[PDB]
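Listed next as structure tokens is one chain, alone, in the form deposited without the partner chain.
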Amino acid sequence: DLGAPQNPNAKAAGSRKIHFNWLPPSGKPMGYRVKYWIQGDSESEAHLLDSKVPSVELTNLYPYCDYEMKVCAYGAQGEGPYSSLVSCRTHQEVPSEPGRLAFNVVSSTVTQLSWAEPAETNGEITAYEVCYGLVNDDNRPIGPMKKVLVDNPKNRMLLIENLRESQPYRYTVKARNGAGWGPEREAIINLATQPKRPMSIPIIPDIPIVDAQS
């Protein structure tokens, strides 16, 4: 009789891969079948992976995601029983870019900047960082970018005042999670060419409003 594979054991091998191994059972196993799924899913949603050796690498997994898996051996009698179930979480990976930058332009020197959360957070987002700087026409920076420091970096909007009139700026936003910073979303805009709309600001502490010429 083919026994259950023994000491099933899984470890994350990145954000998108898990290595799962086990000890061969007694009884002339000819190979193994691994079933794996996202913790919470059903077993018609389970993936089935064959292997000829007592380990596999699971691939094309979701970052920062709990998986469940188990493995059986097969041989002359067919399939033996499955191992006990093991769980393992993939690593976080940096988020994707934030959503496209939205500018609500108030005046020739003031604009609100906002953005959607990254389509793939690949973890929990703990901060955004906004940078901005003067550019010419080739998106060529004129001097250094500035980075904005704020009390609550999880907010997805900023008010920027005292920008240089009739001058284009590049703005970037990136997001951070436990794995670090992802790619930036960039936009280049000159407030002079934008239609203006007034906005209301509550007179309260901690409004995230930044002076562009510190």
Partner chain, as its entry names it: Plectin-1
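Residue numbers count along the first chain shown, from 1.
As for the form solved in complex with the partner chain, it is not shown, yet the points below apply to it.
- Remark: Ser114 counts among the residues lining the partner chain in the deposited complex, judged by a heavy atom distance of 4.5 Å or less.
- In the deposited complex, the partner chain sits beyond 4.5 Å of every heavy atom of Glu165.
- Although the partner is absent here, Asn104 sits close enough that one of its heavy atoms falls within 4.5 Å of the partner chain in the deposited complex.
- Although the partner is absent here, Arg89 sits far enough away that none of its heavy atoms falls within 4.5 Å of the partner chain in the deposited complex.
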